[PDB]
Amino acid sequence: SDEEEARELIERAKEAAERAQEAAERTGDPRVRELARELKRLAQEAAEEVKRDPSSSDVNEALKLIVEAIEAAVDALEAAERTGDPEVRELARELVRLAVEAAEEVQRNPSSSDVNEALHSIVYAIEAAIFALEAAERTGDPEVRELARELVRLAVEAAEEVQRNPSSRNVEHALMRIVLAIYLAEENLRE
């Protein structure tokens, strides 16, 4: 309602922090550990910045996006962990890395629409990647795997160009095209 929304966001941040911690411990990988620690760090810094401005309706929306980003990035990390192909894994980790960077940029400059759009695009891409990675693992299918690879590669490519030039055009249609292809491939396997 009022400050009930600020407390709700703190509680999401702390659970996101815990899930990140659990991912840091579960994995036998120093590359994942460090990403998971960075996600926990951003979760705790988001929780602390809400506590500085508890009755502030303004900046609490940029921090809502950061908490969303973290939750989705942790999901992506968990999905990467259950992914058989190291190439896809590496691509998934790179998307999470780019999400961390985009989240830091939002936190350092919460009123910039360019910086907020870049994070939004990465979160959008991560949600598409989670669907793709989860379909690859559920089906065990090589074609679904290659489509999942294509999707994450595309997402990484887009985020890195948007870093260089903020204007650089969005891959939303191109990502959804692969989602559909994955979906139909999975449906054809039911037969």
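Residue numbers run from 1 along the displayed sequence.
**Q** State which stretch shows the higher mean Cα B factor in the entry: 26-34 or 126-134.
**A** The stretch with the larger mean CA B-factor is 26-34.
**Q** Check the entry's C-alpha temperature factors for 53-61 and 148-156, then say which stretch has the higher mean.
**A** Stretch with the higher mean C-alpha B-factor: 53-61.
**Q** Going by the entry, which third of its chain does the Cα temperature factor of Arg89 land in?
**A** Lowest third.
**Q** Sorting by Cα B-factor within the chain, modelled residues only, which third would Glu45 end up in: lowest, middle or highest?
**A** Within its chain, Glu45 is a highest-third residue by C-alpha B-factor, going by the deposited values.
**Q** Once the chain's modelled residues are ordered by C-alpha B factor and cut into thirds, is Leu180 in the lowest, middle or highest one?
**A** As the PDB entry reports it, the C-alpha B-factor of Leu180 lands in the lowest third of its chain.
**Q** Once the chain's modelled residues are ordered by C-alpha B factor and cut into thirds, is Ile10 in the lowest, middle or highest one?
**A** Answer is highest: the recorded C-alpha B-factor places it there.
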